[PDB]
Amino acid sequence: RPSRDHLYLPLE
Amino acid sequence: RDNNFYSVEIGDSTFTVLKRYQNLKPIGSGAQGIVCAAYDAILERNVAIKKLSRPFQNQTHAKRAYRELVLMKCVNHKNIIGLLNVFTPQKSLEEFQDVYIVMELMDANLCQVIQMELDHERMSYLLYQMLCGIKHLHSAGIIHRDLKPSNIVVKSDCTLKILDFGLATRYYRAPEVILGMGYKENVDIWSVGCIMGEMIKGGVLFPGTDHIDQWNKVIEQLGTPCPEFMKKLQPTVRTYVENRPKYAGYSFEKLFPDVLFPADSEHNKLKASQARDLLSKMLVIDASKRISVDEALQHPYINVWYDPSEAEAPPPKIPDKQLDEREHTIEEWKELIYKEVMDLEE
Ligand SMILES: Nc1ncnc2c1ncn2[C@@H]1O[C@H](COP(=O)(O)OP(=O)(O)NP(=O)(O)O)[C@@H](O)[C@H]1O
């Protein structure tokens, strides 16, 4: 299963 | 009891909250007032705080608020916003005025995500999460009917949650809803089609000012529905659909042209066609030909992220049954709601 760790939305 | 609270002004309104919540700042707004971020000194994490002002002032407000309490309490799924705490500063049924709902804190709603640069990885994951949360609701008989970008929140880690539990102007409401017809679970799949489509094209697919303008913008795009649909409308409404100009609409090639997707890598035109495909399974006017939640999750564009622990979770145990179909006097609602606030506070 592909990793979801690096998924980022520039919201901070 | 009053020793446990302190008050702070948030714009116009006063938030009187337990002392554990520190540093309130406004994070958004809507119908039911303003919503703040806070630091929970007990849990030692940031949380969100929503103030309901007189949730019991009239039947509509009370019915809605009571349902939300009960449902948020008993539902526990990562893609549905979770209740952390609920309290009231007033110290007795008579003085009872306000309800504060404490939630997990997210960074933004979906409106911001749309005005933003994306890729298939993140888009597929966001859509995958929406589907999970919906499926979960459906598994308990909750059918939303009112999914919109403003009531869906995201975190910078690209995780997503649905802020509310739908019905017991409207760009995202399914055709079968604007036309007072029957609906099943996949009525929510329309909403997801609109939102997906909206992420891609950057702007609202169907921006009507009222029920009339809304429907016309839908047939203009997908075309006038088949004869097998126009006579599924009750006599009164079946009069309108066979009374306005008939269009052919556009293919999903013209509505979502190749140029709208990255077409470099061989696998990026793959995803592009996969995405276009799902949209055409979702934005099907006739709610019978329309793909379902379980089906979408299986679709190749989406299923890369599949995990049974989240896509196939045990349904919520909703312990109120009569829930969302009971009627009481304003005085009885005040009691119900108060009772429910007192019982649910940690
Ligand atoms: N738990 C939360 N985490 C992050 N942002 C939130 C949270 N709750 C609300 N918001 C923000 O506040 C806005 C208000 O939404 P919300 O208070 O849920 O009501 P709504 O979508 O405005 N309309 P309604 O549900 O009828 O009251 C949202 O769009 C979010 O931007």
Side-chain angles (χ1 to χ4, degrees), chain A residues 1 4 7 9 11, chain B residues 28 35 48 50 67-84 101 103-114 122-168 172-174 183-199 278 281-282 290-299 301-318 323-324:
Chain A
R1 25 186 69 187
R4 347 220 266 202
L7 303 172
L9 297 178
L11 302 164
Chain B
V35 171
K50 194 176 183 187
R67 191 175 174 262
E68 300 262 321
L69 274 170
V70 174
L71 289 186
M72 223 195 306
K73 190 245 174 188
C74 70
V75 174
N76 185 84
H77 185 280
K78 64 166 66 177
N79 296 118
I80 310 306
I81 192 76
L83 179 62
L84 295 182
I101 302 166
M103 304 172 271
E104 338 178 34
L105 178 72
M106 307 289 287
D107 307 333
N109 64 48
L110 214 44
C111 287
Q112 175 170 351
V113 170
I114 297 171
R122 297 178 281 162
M123 158 159 288
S124 66
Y125 188 50
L126 295 171
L127 293 164
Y128 163 68
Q129 288 173 100
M130 293 185 47
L131 293 179
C132 284
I134 291 168
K135 176 168 179 182
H136 189 68
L137 294 175
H138 290 169
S139 89
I142 297 94
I143 302 192
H144 203 277
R145 298 195 270 164
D146 197 35
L147 287 168
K148 51 189 166 51
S150 69
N151 68 21
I152 303 176
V153 285
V154 294
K155 222 176 171 290
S156 72
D157 57 11
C158 199
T159 58
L160 162 159
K161 292 174 210 290
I162 297 152
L163 276 184
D164 60 17
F165 303 85
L167 297 161
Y172 308 90
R173 288 195 174 180
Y183 64 90
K184 43 187 182 179
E185 271 83 4
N186 72 350
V187 68
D188 281 337
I189 287 268
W190 178 264
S191 311
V192 180
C194 291
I195 296 178
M196 177 173 188
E198 178 166 347
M199 303 189 193
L278 187 48
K281 267 76 160 296
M282 300 193 302
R290 187 186 309 138
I291 204 179
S292 78
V293 172
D294 279 328
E295 298 179 287
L297 294 164
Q298 289 304 316
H299 194 294
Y301 191 77
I302 298 297
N303 93 272
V304 201
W305 304 106
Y306 205 94
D307 177 345
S309 68
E310 47 192 27
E312 276 157 6
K317 204 177 193 74
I318 310 165
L323 210 245
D324 87 318

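Reckoned from all heavy atoms, side chains included, excluding hydrogens, waters and symmetry mates. Each chain gets a letter, A, B and so on, in the order its sequence line appears, and its residues count up from 1.
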Is there side-chain contact between [X] and [Y], with heavy atoms separated by less than 4.5 Å?
{"X": "B:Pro314", "Y": "B:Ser139", "value": "no"}
{"X": "B:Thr159", "Y": "B:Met106", "value": "yes"}
{"X": "B:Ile142", "Y": "B:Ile318", "value": "yes"}
{"X": "B:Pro149", "Y": "B:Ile114", "value": "yes"}
{"X": "B:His136", "Y": "B:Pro316", "value": "yes"}
{"X": "B:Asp146", "Y": "B:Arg173", "value": "yes"}

Positive for side chain to side chain contact (heavy atoms under 4.5 Å, CB included) with B:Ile152, one of B:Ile195, B:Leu163, B:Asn109
B:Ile195
With respect to B:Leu131, which candidate in B:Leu126, B:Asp188, B:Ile189 satisfies the side chain to side chain contact (heavy atoms under 4.5 Å, CB included) definition?
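The single option meeting the side chain to side chain contact (heavy atoms under 4.5 Å, CB included) with B:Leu131 is B:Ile189.
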Return the minimal non-hydrogen interatomic distance between [X] and [Y], and the atom names on each side.
{"X": "B:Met130", "Y": "B:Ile162", "result": "O-CD1, 4.0 Å"}
{"X": "B:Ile81", "Y": "B:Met72", "result": "O-CG, 3.6 Å"}
{"X": "B:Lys135", "Y": "B:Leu297", "result": "CD-CD1, 3.5 Å"}
{"X": "B:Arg67", "Y": "B:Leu167", "result": "NH2-O, 3.6 Å"}
{"X": "B:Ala313", "Y": "B:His77", "result": "CB-CD2, 4.2 Å"}

If you measure only the distance, is there a donor-acceptor pair under 3.5 Å linking the side chains of B:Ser292 and B:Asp294?
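No, no side-chain donor-acceptor contact under 3.5 Å.
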Could you go through the side-chain contact (heavy atoms from CB on, under 4.5 Å) check for B:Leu71 and B:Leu323 one step at a time?
CA-CA 9 Å; B:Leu71 289 186; B:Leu323 210 245; 3.9 Å; yes
So how far is it from [X] [atom1] to [Y] [atom2], rounded to the nearest 0.5 Å?
{"X": "B:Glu295", "Y": "B:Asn303", "atom1": "CD", "atom2": "CG", "result": "13.5 Å"}
{"X": "B:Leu69", "Y": "B:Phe165", "atom1": "CG", "atom2": "CZ", "result": "10.0 Å"}
{"X": "B:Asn151", "Y": "B:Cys111", "atom1": "CG", "atom2": "SG", "result": "9.5 Å"}
{"X": "B:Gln129", "Y": "B:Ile302", "atom1": "CD", "atom2": "CD1", "result": "10.5 Å"}
{"X": "B:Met199", "Y": "B:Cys194", "atom1": "CE", "atom2": "SG", "result": "11.5 Å"}
{"X": "B:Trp305", "Y": "B:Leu127", "atom1": "CH2", "atom2": "CG", "result": "12.0 Å"}

May I ask you to check whether over 12 heavy atoms, not counting those of B:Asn76, lie within 6.0 Å of atom CG?
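Result for CG/B:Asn76: open.
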Would you confirm whether [X], through its side chain, and [Y], through its main-chain N or O, come within 3.5 Å as a donor-acceptor pair?
{"X": "B:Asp107", "Y": "B:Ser156", "answer": "yes"}
{"X": "B:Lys281", "Y": "B:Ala296", "answer": "no"}
{"X": "B:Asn79", "Y": "B:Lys161", "answer": "no"}
{"X": "A:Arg1", "Y": "B:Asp307", "answer": "no"}
{"X": "B:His144", "Y": "B:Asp164", "answer": "yes"}
{"X": "B:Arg145", "Y": "B:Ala174", "answer": "no"}

Between B:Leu147 and B:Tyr172, is a side-chain contact (heavy atoms from CB on, under 4.5 Å) present by the stated rule, with each step listed?
CA-CA 7 Å; B:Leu147 287 168; B:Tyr172 308 90; over 6 Å; no
B:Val154 vs B:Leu110, side-chain contact (heavy atoms from CB on, under 4.5 Å): CA-CA, chis, key distance, verdict
CA-CA 7 Å; B:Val154 294; B:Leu110 214 44; 3.9 Å; yes
Checking side-chain contact (heavy atoms from CB on, under 4.5 Å) for the pair A:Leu11/B:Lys155: CA distance, chi angles, key distance, verdict?
CA-CA 7 Å; A:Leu11 302 164; B:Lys155 222 176 171 290; 6.0 Å; no
As a quick check of understanding, evaluate salt bridge (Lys or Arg N to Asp or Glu O under 4.0 Å) for B:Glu310 and A:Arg4, giving each step before the final call.
CA-CA 14 Å; B:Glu310 47 192 27; A:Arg4 347 220 266 202; 2.7 Å; yes
